[PDB]
Every structure is written in structure tokens, then in C-alpha cells.
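*Asks:* Got a structure for you, written out below as C-alpha cells; questions coming shortly.
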Amino acid sequence: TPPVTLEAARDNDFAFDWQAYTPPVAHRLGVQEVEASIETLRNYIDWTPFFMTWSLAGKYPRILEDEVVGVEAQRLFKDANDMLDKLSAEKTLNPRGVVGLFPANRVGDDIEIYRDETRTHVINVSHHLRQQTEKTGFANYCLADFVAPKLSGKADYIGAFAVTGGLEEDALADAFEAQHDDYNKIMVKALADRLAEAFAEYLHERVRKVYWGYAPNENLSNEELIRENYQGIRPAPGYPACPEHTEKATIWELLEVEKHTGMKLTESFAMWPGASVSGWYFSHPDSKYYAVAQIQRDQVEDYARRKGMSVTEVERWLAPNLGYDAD
Ligand SMILES: C[S@@+](CC[C@H](N)C(=O)[O-])C[C@H]1O[C@@H](n2cnc3c(N)ncnc32)[C@H](O)[C@@H]1O
């Protein structure tokens, strides 16, 4: 579809009646270090991606019943589960995380995060991109649209989190590798992954129910959680609704991630350990995932100005999304 100017994009933003909506107030504002045991996390594991890691197709649990790959799947799963028992027992892989909730308001395509409820001092800004193609009856989405504009005078909030399956991940895989045991070496990385992702599901649930607290009586099964049948979203930088990776640096700063979990970001803004998940929390009932997709040169120059970066640095990071021939 033909791109649109940034201005026409911004003119077709998410239309909602803010004067008639009262965003839910965050019950626990602030930053809180969190933890979760392997035992608790196992109830939140989505196993389908583990089987796909072992090049097996099929969705858990039906996959355990496949007359051809069923038996290999059952072996994998049994070994998966005995290793979990062992890391659980020996406390050798320890999931760590941090979560935070903040007063926030939308100004343009960005989200201002305030030091407190007087909302007079911006401690950080969460920058976002807006879809830049001609949209038919649908707004040109930007994640900032799901937070109340500062102009509406409504108090709103945003949350963030960073979780890891454990800082031991490499020590464990490194040891399986030294003795040429690539099976378990894969096994331990595949599990740390499931655990990181389980912790993100579990923590999002605690946020919906207690920390932000807008859905205190929520009672979803793990399959309902996997189907995302809850109110709200937890977009992660790097994913399609927010493809710009350097924003992981804002989360690291807001939650003081390294100080509270030992998790670090690299030169290309990847997270260490490898089994880690970071992102934002949005409470709006209408929030959803989508792809920003191809963005034009006017959006790149504006984004660079807001971020305080040169247009070429922004070109490096948004390269998969430039809707024009970059250089
Ligand atoms: C990666 S899966 C994780 C849950 C799944 N059951 C699993 O275990 O893999 C879905 C997650 O990816 C991120 N995500 C997916 N689509 C996204 C989008 N379009 N924009 C931003 N983040 C997105 C969100 O953090 C979301 O919770």
C-alpha cells in the first residue's frame, strides 16, 4: 500500500473518547525486584515452542499423541521435565526479574514518564513509531495512542519489566558443550528460554491482577494465557509494534535492570543472558499488536530529532523498516 505523510499518519491516529474514560490507576507505583521458582514457572510454560526447537511440528499436548513423532516428542518432554526437576532441586538455574509501574501520558507519538503524580518532571520518554501506509477505516496505529494524551488531563500509567530464566544459563550450556554433549547443551538453552518466557507470562498476570490491579478476579487457564485472552498487551522492543531496539536502553534505565538482576545489554542492544524478555505493559482494552512496517524518511528524521540521534544512526536501527532505499 502507498505510504502516507507522517502528518496524514498522525491525523489518522487511534480515535477514542478520553473525556469519557478513566484509565485504571496503578496500585503499586515504583520498581520492585521479583522472583519466581522453577516450580511455579512450570505451570506457565508454553511447550509448543520447545518442540519446534527440536524441529517437531505439532502443538502441545496433541504432539505427544502423534503416531509418528509422538514417541520422540514424549522422550524429549520426559527429558525436559527431569532436567527441570534437577535444576529445581539443585537450585542451579535461578530466574530473576524486575517490574515497575509509572505515571505516564502521551504527547505526540511518544510517552512521557513522570517522576511522580504531580507530573511536572519527565524522568524518561518512551518513543514510538507510527504505521505509515494508507489505512482503510483503521487508524494508523502507534503504541502511544493507547495512553491518555497529556492534553486530556487524565492520569495514566505505563509499566515495564525485564525477566531472565537465569544468569547461569551459559555456565550450564558451556559445560554440556565441553564434553561434546550437544543434546543437553541444547536442552538447557531450550529450557531457560521456556522459563524466561514463562516468567514473562506469570509476571504479566501478577501485574494485571495485583501490581496494576485492573483485573483482580482474572482466572485464566494456561491455554487462555497462551491465547492472550486477557486485557492489555506487553510489547517488547524489537517486535513489530515497536521495532526499534535501542529503546531497551530506556527500560534498562527506568527499572535499573542491571543493578536488580545482573541482566545486561550488548553493543547491538541484545540482552544477556540469552534467555531474557523485556517490554512495556499497556492496560487499554483496545490495545493490540500490529506491525509498524515501512516507514518513510520524514518519520526517520522526526524520530531522530526526538531521540537526539543522527538520521544515519536511526537508519542503522530501523533498516528492516525503511520503506525507502537507505544509505
Ligand atoms: C513471543 S510470544 C510469547 C508467548 C508464547 N506463548 C510463548 O511462550 O512463546 C508473544 C510475545 O511477543 C511480543 N510481541 C508479539 N507480537 C508483538 C508485536 N506485534 N509488537 C510488539 N511485541 C510483540 C510480546 O511481548 C508478546 O507477549
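Chain A is numbered as in Swiss-Prot; shown residues: 901-1227, in order.
We read in the header that X-ray crystallography, 1.8 Å was used to get this structure.
Any Cβ shown, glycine's included, is placed from N, Cα and C.
Got these off Swiss-Prot a minute ago, pasting:
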BINDING   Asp946, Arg1134, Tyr1189, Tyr1190  S-adenosyl-L-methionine binding site
*Asks:* Counting only residues 6+ apart in the same chain, whose Cβ is under 8 Å from the Cβ of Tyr1189 (S-adenosyl-L-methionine binding site)?
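*Replies:* Once residues fewer than 6 apart are set aside, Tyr1189 (S-adenosyl-L-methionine binding site) is near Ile1133, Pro1135, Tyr1139, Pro1140, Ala1141.
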*Asks:* May I ask you to report the DSSP-based helix, strand or coil state of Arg1134 (S-adenosyl-L-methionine binding site)?
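*Replies:* Its secondary structure by DSSP: coil.
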*Asks:* List nothing but the largest Cα to Cα distance in Å, as a whole number, among the residues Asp946, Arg1134, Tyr1189, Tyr1190 that the record says bind S-adenosyl-L-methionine.
*Replies:* 22
*Asks:* Including all protein chains displayed, how many Cβ atoms other than that of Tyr1190 (S-adenosyl-L-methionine binding site) lie within 10 Å of its Cβ?
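*Replies:* Cβ-Cβ neighbours of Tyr1190 (S-adenosyl-L-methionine binding site) within 10 Å number 14.
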*Asks:* Have a look around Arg1134 (S-adenosyl-L-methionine binding site) and count the other CB atoms within 10 A of its CB, chains all included.
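*Replies:* Excluding its own Cβ, the number within 10 Å is 24.
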*Asks:* Please list residues from the chain of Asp946 (S-adenosyl-L-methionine binding site) whose Cβ is under 8 angstroms from its Cβ, counting only those at least six apart in sequence.
*Replies:* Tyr960, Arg1094, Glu1097, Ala1098, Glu1101, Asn1122, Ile1126
